[PDB]
$ cat my_file-v1.pdb   # PDB, C-alpha atoms
ATOM      1  CA  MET A   1      53.933 -19.500 -35.939  1.00  0.00           C
ATOM      2  CA  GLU A   2      55.259 -19.725 -32.347  1.00  0.00           C
ATOM      3  CA  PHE A   3      58.940 -18.833 -32.324  1.00  0.00           C
ATOM      4  CA  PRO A   4      61.064 -19.670 -29.292  1.00  0.00           C
ATOM      5  CA  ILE A   5      63.259 -16.798 -28.133  1.00  0.00           C
ATOM      6  CA  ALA A   6      66.126 -16.893 -25.668  1.00  0.00           C
ATOM      7  CA  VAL A   7      66.155 -13.980 -23.200  1.00  0.00           C
ATOM      8  CA  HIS A   8      69.412 -13.387 -21.347  1.00  0.00           C
ATOM      9  CA  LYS A   9      70.809 -10.673 -19.143  1.00  0.00           C
ATOM     10  CA  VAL A  10      69.016  -5.003 -19.639  1.00  0.00           C
ATOM     11  CA  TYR A  11      67.843  -8.220 -21.205  1.00  0.00           C
ATOM     12  CA  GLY A  12      69.100  -9.316 -24.628  1.00  0.00           C
ATOM     13  CA  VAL A  13      67.205 -11.658 -26.951  1.00  0.00           C
ATOM     14  CA  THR A  14      68.186 -13.974 -29.788  1.00  0.00           C
ATOM     15  CA  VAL A  15      65.838 -15.879 -32.113  1.00  0.00           C
ATOM     16  CA  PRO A  16      67.356 -19.305 -32.811  1.00  0.00           C
ATOM     17  CA  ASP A  17      65.249 -19.993 -35.915  1.00  0.00           C
ATOM     18  CA  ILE A  18      65.934 -16.594 -37.516  1.00  0.00           C
ATOM     19  CA  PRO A  19      69.688 -15.847 -37.503  1.00  0.00           C
ATOM     20  CA  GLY A  20      70.603 -12.190 -37.226  1.00  0.00           C
ATOM     21  CA  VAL A  21      67.395 -11.047 -35.476  1.00  0.00           C
ATOM     22  CA  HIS A  22      67.960  -9.610 -31.981  1.00  0.00           C
ATOM     23  CA  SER A  23      66.183  -7.351 -29.544  1.00  0.00           C
ATOM     24  CA  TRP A  24      66.270  -6.147 -25.943  1.00  0.00           C
ATOM     25  CA  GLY A  25      64.172  -4.900 -23.058  1.00  0.00           C
ATOM     26  CA  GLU A  26      64.428  -3.322 -19.597  1.00  0.00           C
ATOM     27  CA  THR A  27      62.207  -6.176 -18.373  1.00  0.00           C
ATOM     28  CA  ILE A  28      61.564  -9.653 -19.733  1.00  0.00           C
ATOM     29  CA  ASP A  29      58.056  -8.522 -20.682  1.00  0.00           C
ATOM     30  CA  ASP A  30      59.482  -5.653 -22.706  1.00  0.00           C
ATOM     31  CA  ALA A  31      62.064  -7.950 -24.317  1.00  0.00           C
ATOM     32  CA  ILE A  32      59.357 -10.419 -25.369  1.00  0.00           C
ATOM     33  CA  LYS A  33      57.216  -7.690 -26.969  1.00  0.00           C
ATOM     34  CA  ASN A  34      60.194  -5.996 -28.632  1.00  0.00           C
ATOM     35  CA  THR A  35      61.449  -9.287 -30.042  1.00  0.00           C
ATOM     36  CA  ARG A  36      58.086 -10.124 -31.604  1.00  0.00           C
ATOM     37  CA  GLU A  37      58.076  -6.738 -33.356  1.00  0.00           C
ATOM     38  CA  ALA A  38      61.656  -7.281 -34.475  1.00  0.00           C
ATOM     39  CA  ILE A  39      60.615 -10.567 -36.103  1.00  0.00           C
ATOM     40  CA  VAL A  40      57.581  -8.998 -37.811  1.00  0.00           C
ATOM     41  CA  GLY A  41      59.708  -6.142 -39.131  1.00  0.00           C
ATOM     42  CA  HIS A  42      62.277  -8.622 -40.416  1.00  0.00           C
ATOM     43  CA  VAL A  43      59.570 -10.588 -42.220  1.00  0.00           C
ATOM     44  CA  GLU A  44      58.233  -7.395 -43.759  1.00  0.00           C
ATOM     45  CA  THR A  45      61.694  -6.403 -44.965  1.00  0.00           C
ATOM     46  CA  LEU A  46      62.041  -9.792 -46.648  1.00  0.00           C
ATOM     47  CA  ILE A  47      58.640  -9.331 -48.320  1.00  0.00           C
ATOM     48  CA  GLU A  48      59.592  -5.845 -49.506  1.00  0.00           C
ATOM     49  CA  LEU A  49      62.820  -7.236 -50.955  1.00  0.00           C
ATOM     50  CA  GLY A  50      60.842  -9.851 -52.871  1.00  0.00           C
ATOM     51  CA  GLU A  51      62.318 -12.726 -50.895  1.00  0.00           C
ATOM     52  CA  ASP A  52      60.490 -15.865 -49.887  1.00  0.00           C
ATOM     53  CA  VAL A  53      59.556 -16.034 -46.244  1.00  0.00           C
ATOM     54  CA  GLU A  54      59.670 -19.629 -45.038  1.00  0.00           C
ATOM     55  CA  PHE A  55      60.568 -20.475 -41.470  1.00  0.00           C
ATOM     56  CA  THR A  56      60.203 -23.543 -39.326  1.00  0.00           C
ATOM     57  CA  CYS A  57      60.241 -23.021 -35.624  1.00  0.00           C
ATOM     58  CA  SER A  58      62.176 -25.173 -33.212  1.00  0.00           C
ATOM     59  CA  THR A  59      60.814 -26.217 -29.865  1.00  0.00           C
ATOM     60  CA  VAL A  60      62.358 -25.115 -26.598  1.00  0.00           C
ATOM     61  CA  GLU A  61      63.073 -28.781 -25.879  1.00  0.00           C
ATOM     62  CA  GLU A  62      65.364 -28.948 -28.927  1.00  0.00           C
ATOM     63  CA  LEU A  63      67.298 -25.850 -27.862  1.00  0.00           C
ATOM     64  CA  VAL A  64      67.337 -25.595 -24.065  1.00  0.00           C
ATOM     65  CA  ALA A  65      70.454 -27.732 -23.566  1.00  0.00           C
ATOM     66  CA  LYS A  66      72.683 -25.958 -26.096  1.00  0.00           C
ATOM     67  CA  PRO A  67      75.564 -24.346 -24.161  1.00  0.00           C
ATOM     68  CA  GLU A  68      75.108 -21.029 -25.952  1.00  0.00           C
ATOM     69  CA  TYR A  69      71.691 -20.678 -24.237  1.00  0.00           C
ATOM     70  CA  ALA A  70      72.871 -21.515 -20.697  1.00  0.00           C
ATOM     71  CA  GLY A  71      70.840 -19.542 -18.196  1.00  0.00           C
ATOM     72  CA  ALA A  72      68.308 -18.325 -20.788  1.00  0.00           C
ATOM     73  CA  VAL A  73      64.718 -17.552 -19.967  1.00  0.00           C
ATOM     74  CA  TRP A  74      62.708 -19.056 -22.849  1.00  0.00           C
ATOM     75  CA  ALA A  75      59.639 -17.351 -24.252  1.00  0.00           C
ATOM     76  CA  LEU A  76      57.421 -17.824 -27.309  1.00  0.00           C
ATOM     77  CA  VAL A  77      56.134 -15.117 -29.666  1.00  0.00           C
ATOM     78  CA  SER A  78      53.368 -15.525 -32.178  1.00  0.00           C
ATOM     79  CA  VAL A  79      54.067 -14.244 -35.714  1.00  0.00           C
ATOM     80  CA  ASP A  80      51.675 -14.715 -38.611  1.00  0.00           C
ATOM     81  CA  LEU A  81      53.329 -16.266 -41.633  1.00  0.00           C
TER      82      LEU A  81
ATOM     83  CA  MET B   1      85.797  -0.518 -28.764  1.00  0.00           C
ATOM     84  CA  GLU B   2      84.115   2.837 -28.093  1.00  0.00           C
ATOM     85  CA  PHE B   3      81.877   4.034 -30.923  1.00  0.00           C
ATOM     86  CA  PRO B   4      80.950   7.733 -30.927  1.00  0.00           C
ATOM     87  CA  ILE B   5      77.274   8.317 -31.668  1.00  0.00           C
ATOM     88  CA  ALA B   6      75.491  11.608 -32.375  1.00  0.00           C
ATOM     89  CA  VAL B   7      72.031  12.058 -30.848  1.00  0.00           C
ATOM     90  CA  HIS B   8      69.377  14.244 -32.557  1.00  0.00           C
ATOM     91  CA  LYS B   9      65.931  15.392 -31.503  1.00  0.00           C
ATOM     92  CA  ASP B  10      63.448  14.787 -34.315  1.00  0.00           C
ATOM     93  CA  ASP B  11      59.947  16.089 -34.994  1.00  0.00           C
ATOM     94  CA  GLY B  12      57.246  14.178 -33.190  1.00  0.00           C
ATOM     95  CA  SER B  13      59.313  14.186 -29.944  1.00  0.00           C
ATOM     96  CA  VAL B  14      61.345  11.134 -30.968  1.00  0.00           C
ATOM     97  CA  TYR B  15      65.150  10.820 -30.983  1.00  0.00           C
ATOM     98  CA  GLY B  16      67.484   9.672 -33.746  1.00  0.00           C
ATOM     99  CA  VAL B  17      71.065   8.516 -33.554  1.00  0.00           C
ATOM    100  CA  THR B  18      73.780   8.545 -36.208  1.00  0.00           C
ATOM    101  CA  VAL B  19      76.933   6.453 -36.130  1.00  0.00           C
ATOM    102  CA  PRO B  20      79.997   8.026 -37.775  1.00  0.00           C
ATOM    103  CA  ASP B  21      81.940   4.755 -38.083  1.00  0.00           C
ATOM    104  CA  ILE B  22      79.025   2.586 -39.241  1.00  0.00           C
ATOM    105  CA  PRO B  23      76.740   4.955 -41.148  1.00  0.00           C
ATOM    106  CA  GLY B  24      74.173   2.339 -42.010  1.00  0.00           C
ATOM    107  CA  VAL B  25      73.041   1.478 -38.475  1.00  0.00           C
ATOM    108  CA  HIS B  26      71.503   4.915 -37.753  1.00  0.00           C
ATOM    109  CA  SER B  27      68.556   4.196 -35.447  1.00  0.00           C
ATOM    110  CA  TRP B  28      65.843   6.000 -33.512  1.00  0.00           C
ATOM    111  CA  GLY B  29      63.526   5.631 -30.538  1.00  0.00           C
ATOM    112  CA  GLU B  30      60.612   7.174 -28.706  1.00  0.00           C
ATOM    113  CA  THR B  31      62.944   8.160 -25.847  1.00  0.00           C
ATOM    114  CA  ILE B  32      66.636   9.015 -25.673  1.00  0.00           C
ATOM    115  CA  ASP B  33      67.261   5.781 -23.815  1.00  0.00           C
ATOM    116  CA  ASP B  34      65.383   3.687 -26.388  1.00  0.00           C
ATOM    117  CA  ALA B  35      67.245   5.415 -29.206  1.00  0.00           C
ATOM    118  CA  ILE B  36      70.703   4.758 -27.749  1.00  0.00           C
ATOM    119  CA  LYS B  37      69.947   1.147 -26.792  1.00  0.00           C
ATOM    120  CA  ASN B  38      68.459   0.527 -30.279  1.00  0.00           C
ATOM    121  CA  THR B  39      71.666   1.936 -31.769  1.00  0.00           C
ATOM    122  CA  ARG B  40      73.918  -0.213 -29.577  1.00  0.00           C
ATOM    123  CA  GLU B  41      71.951  -3.330 -30.525  1.00  0.00           C
ATOM    124  CA  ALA B  42      72.297  -2.404 -34.222  1.00  0.00           C
ATOM    125  CA  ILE B  43      76.053  -1.895 -33.861  1.00  0.00           C
ATOM    126  CA  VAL B  44      76.464  -5.203 -32.075  1.00  0.00           C
ATOM    127  CA  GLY B  45      74.386  -6.940 -34.762  1.00  0.00           C
ATOM    128  CA  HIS B  46      76.382  -5.348 -37.585  1.00  0.00           C
ATOM    129  CA  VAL B  47      79.670  -6.556 -36.052  1.00  0.00           C
ATOM    130  CA  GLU B  48      78.365 -10.039 -35.401  1.00  0.00           C
ATOM    131  CA  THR B  49      77.028 -10.293 -38.940  1.00  0.00           C
ATOM    132  CA  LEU B  50      80.366  -9.332 -40.478  1.00  0.00           C
ATOM    133  CA  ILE B  51      82.131 -11.955 -38.354  1.00  0.00           C
ATOM    134  CA  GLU B  52      79.704 -14.597 -39.618  1.00  0.00           C
ATOM    135  CA  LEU B  53      80.450 -13.506 -43.174  1.00  0.00           C
ATOM    136  CA  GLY B  54      84.133 -14.208 -42.488  1.00  0.00           C
ATOM    137  CA  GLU B  55      85.177 -10.546 -42.525  1.00  0.00           C
ATOM    138  CA  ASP B  56      87.635  -8.821 -40.231  1.00  0.00           C
ATOM    139  CA  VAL B  57      85.978  -6.319 -37.902  1.00  0.00           C
ATOM    140  CA  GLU B  58      88.860  -5.096 -35.740  1.00  0.00           C
ATOM    141  CA  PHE B  59      89.382  -1.552 -36.962  1.00  0.00           C
ATOM    142  CA  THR B  60      89.922   1.888 -35.469  1.00  0.00           C
ATOM    143  CA  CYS B  61      87.056   4.157 -34.420  1.00  0.00           C
ATOM    144  CA  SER B  62      86.644   7.876 -34.654  1.00  0.00           C
ATOM    145  CA  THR B  63      86.712   9.959 -31.482  1.00  0.00           C
ATOM    146  CA  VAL B  64      84.362  12.683 -30.352  1.00  0.00           C
ATOM    147  CA  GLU B  65      87.465  14.846 -30.041  1.00  0.00           C
ATOM    148  CA  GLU B  66      88.162  14.606 -33.779  1.00  0.00           C
ATOM    149  CA  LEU B  67      84.544  15.150 -34.890  1.00  0.00           C
ATOM    150  CA  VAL B  68      83.168  17.696 -32.434  1.00  0.00           C
ATOM    151  CA  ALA B  69      84.247  20.832 -34.357  1.00  0.00           C
ATOM    152  CA  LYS B  70      83.362  19.596 -37.842  1.00  0.00           C
ATOM    153  CA  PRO B  71      80.567  21.844 -39.154  1.00  0.00           C
ATOM    154  CA  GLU B  72      78.500  18.793 -40.155  1.00  0.00           C
ATOM    155  CA  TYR B  73      78.296  17.848 -36.441  1.00  0.00           C
ATOM    156  CA  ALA B  74      77.269  21.288 -35.143  1.00  0.00           C
ATOM    157  CA  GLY B  75      74.667  20.961 -32.411  1.00  0.00           C
ATOM    158  CA  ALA B  76      75.282  17.225 -31.990  1.00  0.00           C
ATOM    159  CA  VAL B  77      74.805  15.709 -28.546  1.00  0.00           C
ATOM    160  CA  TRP B  78      77.486  13.058 -28.194  1.00  0.00           C
ATOM    161  CA  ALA B  79      77.595   9.627 -26.566  1.00  0.00           C
ATOM    162  CA  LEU B  80      79.930   6.632 -26.587  1.00  0.00           C
ATOM    163  CA  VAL B  81      78.737   3.048 -26.989  1.00  0.00           C
ATOM    164  CA  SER B  82      81.066   0.235 -25.995  1.00  0.00           C
ATOM    165  CA  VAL B  83      81.175  -2.862 -28.229  1.00  0.00           C
ATOM    166  CA  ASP B  84      83.547  -5.840 -27.918  1.00  0.00           C
ATOM    167  CA  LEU B  85      85.062  -6.442 -31.375  1.00  0.00           C
TER     168      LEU B  85
END
$ encode --input "my_file-v1.pdb" --output "structure tokens"
Amino acid sequence: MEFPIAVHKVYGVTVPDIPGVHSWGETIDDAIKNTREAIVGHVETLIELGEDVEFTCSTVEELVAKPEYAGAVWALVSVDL
Amino acid sequence: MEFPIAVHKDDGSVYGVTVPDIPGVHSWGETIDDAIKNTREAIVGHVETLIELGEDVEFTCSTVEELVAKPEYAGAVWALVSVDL
């Protein structure tokens, strides 16, 4: 699944489709990689807890105009669900 | 709000960080900088999560001054992380 992630300025990242998951990086490239691993680790925690893992990604188009993401650089990370 | 954190060198040449006022967000990293930034992100996320749960989060923090001599903090390397509550 391709999750959109909002990178803002080090860079901070939020994952609109997965509340609570955040990451960072010195560069945008680092923030993208670190965010993907944050999502994978979150999914694994949910699996370990015995929880269902069901997500639906949004598109950037559906999120780009929300005022909370003003000035964001948008990226996409691929996570296998 | 200024959170004291205690930085530790762990085996494998990695660094861990403990958080006296939020024990459960202890974090680690491959470098000192990664470890501290990982800890700050975890503190910010903890605070934001409690706000979403409808909890109060505006409470007093410990100081390095009050903890530095406690025997359980012997050898600690101290830092302060700033978080808007």
$ residues_around --input "my_file-v1.pdb" --residues "residue 32 of chain B" --least-positions-apart "2" --cutoff "9 Å" --atoms "all atoms listed in the file" --output "PDB file with C-alpha atoms, in the coordinates of the input"
ATOM      1  CA  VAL B   7      72.031  12.058 -30.848  1.00  0.00           C
ATOM      2  CA  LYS B   9      65.931  15.392 -31.503  1.00  0.00           C
ATOM      3  CA  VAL B  14      61.345  11.134 -30.968  1.00  0.00           C
ATOM      4  CA  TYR B  15      65.150  10.820 -30.983  1.00  0.00           C
ATOM      5  CA  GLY B  16      67.484   9.672 -33.746  1.00  0.00           C
ATOM      6  CA  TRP B  28      65.843   6.000 -33.512  1.00  0.00           C
ATOM      7  CA  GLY B  29      63.526   5.631 -30.538  1.00  0.00           C
ATOM      8  CA  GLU B  30      60.612   7.174 -28.706  1.00  0.00           C
ATOM      9  CA  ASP B  34      65.383   3.687 -26.388  1.00  0.00           C
ATOM     10  CA  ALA B  35      67.245   5.415 -29.206  1.00  0.00           C
ATOM     11  CA  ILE B  36      70.703   4.758 -27.749  1.00  0.00           C
ATOM     12  CA  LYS B  37      69.947   1.147 -26.792  1.00  0.00           C
TER      13      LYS B  37
END
$ residues_around --input "my_file-v1.pdb" --residues "segment 16-33 of chain A" --least-positions-apart "4" --cutoff "7 Å" --atoms "all atoms listed in the file" --output "ChimeraX atom specification"
/A:5,10-12,37-39,57-58 /B:45,49
$ atom_distance --input "my_file-v1.pdb" --atom1 "atom CA of residue 35 of chain A" --atom2 "atom CA of residue 38 of chain B"
12.1 Å
$ closest_residue --input "my_file-v1.pdb" --among "A:60, A:72, A:13, A:43" --to "chain B" --atoms "only C-alpha atoms"
A:13
$ interface_residues --input "my_file-v1.pdb" --of "chain B" --to "chain A" --cutoff "12 Å" --atoms "all atoms listed in the file" --output "MDAnalysis selection string"
chainID B and resid 33:34 36:53
$ write_last_selection --input "my_file-v1.pdb" --atoms "C-alpha atoms" --output "PDB file, in the coordinates of the input"
ATOM      1  CA  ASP B  33      67.261   5.781 -23.815  1.00  0.00           C
ATOM      2  CA  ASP B  34      65.383   3.687 -26.388  1.00  0.00           C
ATOM      3  CA  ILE B  36      70.703   4.758 -27.749  1.00  0.00           C
ATOM      4  CA  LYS B  37      69.947   1.147 -26.792  1.00  0.00           C
ATOM      5  CA  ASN B  38      68.459   0.527 -30.279  1.00  0.00           C
ATOM      6  CA  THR B  39      71.666   1.936 -31.769  1.00  0.00           C
ATOM      7  CA  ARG B  40      73.918  -0.213 -29.577  1.00  0.00           C
ATOM      8  CA  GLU B  41      71.951  -3.330 -30.525  1.00  0.00           C
ATOM      9  CA  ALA B  42      72.297  -2.404 -34.222  1.00  0.00           C
ATOM     10  CA  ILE B  43      76.053  -1.895 -33.861  1.00  0.00           C
ATOM     11  CA  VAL B  44      76.464  -5.203 -32.075  1.00  0.00           C
ATOM     12  CA  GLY B  45      74.386  -6.940 -34.762  1.00  0.00           C
ATOM     13  CA  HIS B  46      76.382  -5.348 -37.585  1.00  0.00           C
ATOM     14  CA  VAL B  47      79.670  -6.556 -36.052  1.00  0.00           C
ATOM     15  CA  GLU B  48      78.365 -10.039 -35.401  1.00  0.00           C
ATOM     16  CA  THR B  49      77.028 -10.293 -38.940  1.00  0.00           C
ATOM     17  CA  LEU B  50      80.366  -9.332 -40.478  1.00  0.00           C
ATOM     18  CA  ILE B  51      82.131 -11.955 -38.354  1.00  0.00           C
ATOM     19  CA  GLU B  52      79.704 -14.597 -39.618  1.00  0.00           C
ATOM     20  CA  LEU B  53      80.450 -13.506 -43.174  1.00  0.00           C
TER      21      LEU B  53
END
$ atom_distance --input "my_file-v1.pdb" --atom1 "atom CA of residue 47 of chain A" --atom2 "atom CA of residue 6 of chain A"
25.0 Å
$ atom_distance --input "my_file-v1.pdb" --atom1 "atom CA of residue 17 of chain B" --atom2 "atom CA of residue 51 of chain A"
28.8 Å
$ resolve_selection --input "my_file-v1.pdb" --expression "the PyMOL selection byres ((chain A and resi 73) around 7)" --output "ChimeraX atom specification"
/A:6-8,71-72,74-75
$ decode --input "my_file-v1.pdb" --residues "segment 39-71 of chain A" --atoms "N, CA and C atoms" --output "mmCIF file, in the first residue's frame"
data_model
loop_
_atom_site.group_PDB
_atom_site.id
_atom_site.type_symbol
_atom_site.label_atom_id
_atom_site.label_comp_id
_atom_site.auth_asym_id
_atom_site.auth_seq_id
_atom_site.Cartn_x
_atom_site.Cartn_y
_atom_site.Cartn_z
ATOM 1 N N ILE A 39 6.108 3.226 10.027
ATOM 2 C CA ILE A 39 4.826 2.590 9.720
ATOM 3 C C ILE A 39 4.925 1.066 9.838
ATOM 4 N N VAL A 40 5.996 0.476 9.306
ATOM 5 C CA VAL A 40 6.168 -0.970 9.388
ATOM 6 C C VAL A 40 6.216 -1.413 10.831
ATOM 7 N N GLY A 41 6.937 -0.663 11.673
ATOM 8 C CA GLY A 41 7.058 -1.059 13.079
ATOM 9 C C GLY A 41 5.713 -0.963 13.762
ATOM 10 N N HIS A 42 4.939 0.065 13.416
ATOM 11 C CA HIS A 42 3.596 0.220 13.965
ATOM 12 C C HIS A 42 2.716 -0.948 13.580
ATOM 13 N N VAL A 43 2.761 -1.348 12.307
ATOM 14 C CA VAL A 43 1.982 -2.497 11.853
ATOM 15 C C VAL A 43 2.397 -3.751 12.611
ATOM 16 N N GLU A 44 3.695 -3.940 12.796
ATOM 17 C CA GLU A 44 4.148 -5.121 13.518
ATOM 18 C C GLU A 44 3.689 -5.117 14.966
ATOM 19 N N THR A 45 3.702 -3.960 15.616
ATOM 20 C CA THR A 45 3.188 -3.871 16.973
ATOM 21 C C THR A 45 1.731 -4.314 17.006
ATOM 22 N N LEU A 46 0.928 -3.788 16.073
ATOM 23 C CA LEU A 46 -0.479 -4.183 16.029
ATOM 24 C C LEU A 46 -0.633 -5.686 15.846
ATOM 25 N N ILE A 47 0.205 -6.302 15.003
ATOM 26 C CA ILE A 47 0.123 -7.745 14.793
ATOM 27 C C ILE A 47 0.478 -8.500 16.062
ATOM 28 N N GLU A 48 1.524 -8.048 16.748
ATOM 29 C CA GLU A 48 1.962 -8.645 17.998
ATOM 30 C C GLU A 48 0.898 -8.529 19.068
ATOM 31 N N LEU A 49 0.107 -7.450 19.047
ATOM 32 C CA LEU A 49 -0.936 -7.258 20.033
ATOM 33 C C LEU A 49 -2.182 -8.051 19.681
ATOM 34 N N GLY A 50 -2.202 -8.676 18.506
ATOM 35 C CA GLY A 50 -3.358 -9.441 18.086
ATOM 36 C C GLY A 50 -4.439 -8.594 17.469
ATOM 37 N N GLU A 51 -4.112 -7.371 17.073
ATOM 38 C CA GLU A 51 -5.090 -6.472 16.494
ATOM 39 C C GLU A 51 -5.153 -6.676 14.993
ATOM 40 N N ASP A 52 -6.335 -6.421 14.431
ATOM 41 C CA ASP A 52 -6.463 -6.353 12.986
ATOM 42 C C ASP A 52 -5.642 -5.199 12.436
ATOM 43 N N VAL A 53 -5.098 -5.398 11.256
ATOM 44 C CA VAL A 53 -4.409 -4.327 10.567
ATOM 45 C C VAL A 53 -5.119 -4.112 9.246
ATOM 46 N N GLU A 54 -5.912 -3.045 9.189
ATOM 47 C CA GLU A 54 -6.669 -2.680 8.004
ATOM 48 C C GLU A 54 -6.495 -1.183 7.843
ATOM 49 N N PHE A 55 -5.915 -0.767 6.746
ATOM 50 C CA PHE A 55 -5.784 0.648 6.457
ATOM 51 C C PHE A 55 -6.246 0.884 5.035
ATOM 52 N N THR A 56 -6.689 2.093 4.790
ATOM 53 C CA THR A 56 -6.986 2.547 3.441
ATOM 54 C C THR A 56 -6.180 3.820 3.282
ATOM 55 N N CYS A 57 -5.409 3.903 2.222
ATOM 56 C CA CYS A 57 -4.669 5.128 2.046
ATOM 57 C C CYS A 57 -5.542 6.171 1.375
ATOM 58 N N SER A 58 -5.261 7.421 1.699
ATOM 59 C CA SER A 58 -5.752 8.575 0.977
ATOM 60 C C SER A 58 -4.820 8.877 -0.184
ATOM 61 N N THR A 59 -5.284 9.730 -1.080
ATOM 62 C CA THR A 59 -4.405 10.274 -2.096
ATOM 63 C C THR A 59 -3.935 11.657 -1.669
ATOM 64 N N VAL A 60 -2.827 12.099 -2.266
ATOM 65 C CA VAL A 60 -2.342 13.435 -1.944
ATOM 66 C C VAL A 60 -3.380 14.467 -2.329
ATOM 67 N N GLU A 61 -4.097 14.214 -3.433
ATOM 68 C CA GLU A 61 -5.105 15.148 -3.918
ATOM 69 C C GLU A 61 -6.142 15.426 -2.848
ATOM 70 N N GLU A 62 -6.523 14.388 -2.092
ATOM 71 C CA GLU A 62 -7.557 14.521 -1.062
ATOM 72 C C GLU A 62 -7.046 15.245 0.173
ATOM 73 N N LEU A 63 -5.734 15.403 0.315
ATOM 74 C CA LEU A 63 -5.179 15.970 1.531
ATOM 75 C C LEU A 63 -4.462 17.289 1.332
ATOM 76 N N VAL A 64 -3.986 17.584 0.120
ATOM 77 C CA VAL A 64 -3.024 18.673 -0.062
ATOM 78 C C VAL A 64 -3.595 20.028 0.351
ATOM 79 N N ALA A 65 -4.910 20.224 0.247
ATOM 80 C CA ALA A 65 -5.468 21.531 0.560
ATOM 81 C C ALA A 65 -5.892 21.687 2.019
ATOM 82 N N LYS A 66 -5.691 20.684 2.868
ATOM 83 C CA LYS A 66 -6.094 20.855 4.256
ATOM 84 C C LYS A 66 -5.143 21.840 4.924
ATOM 85 N N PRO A 67 -5.653 22.841 5.640
ATOM 86 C CA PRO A 67 -4.749 23.851 6.219
ATOM 87 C C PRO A 67 -3.684 23.295 7.144
ATOM 88 N N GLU A 68 -3.930 22.171 7.803
ATOM 89 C CA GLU A 68 -2.900 21.609 8.665
ATOM 90 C C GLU A 68 -1.665 21.152 7.895
ATOM 91 N N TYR A 69 -1.762 20.954 6.579
ATOM 92 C CA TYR A 69 -0.628 20.491 5.779
ATOM 93 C C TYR A 69 -0.034 21.593 4.915
ATOM 94 N N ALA A 70 -0.400 22.856 5.174
ATOM 95 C CA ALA A 70 0.158 23.985 4.440
ATOM 96 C C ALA A 70 1.680 23.922 4.412
ATOM 97 N N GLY A 71 2.240 24.044 3.215
ATOM 98 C CA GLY A 71 3.672 24.038 3.055
ATOM 99 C C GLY A 71 4.322 22.673 3.078
#
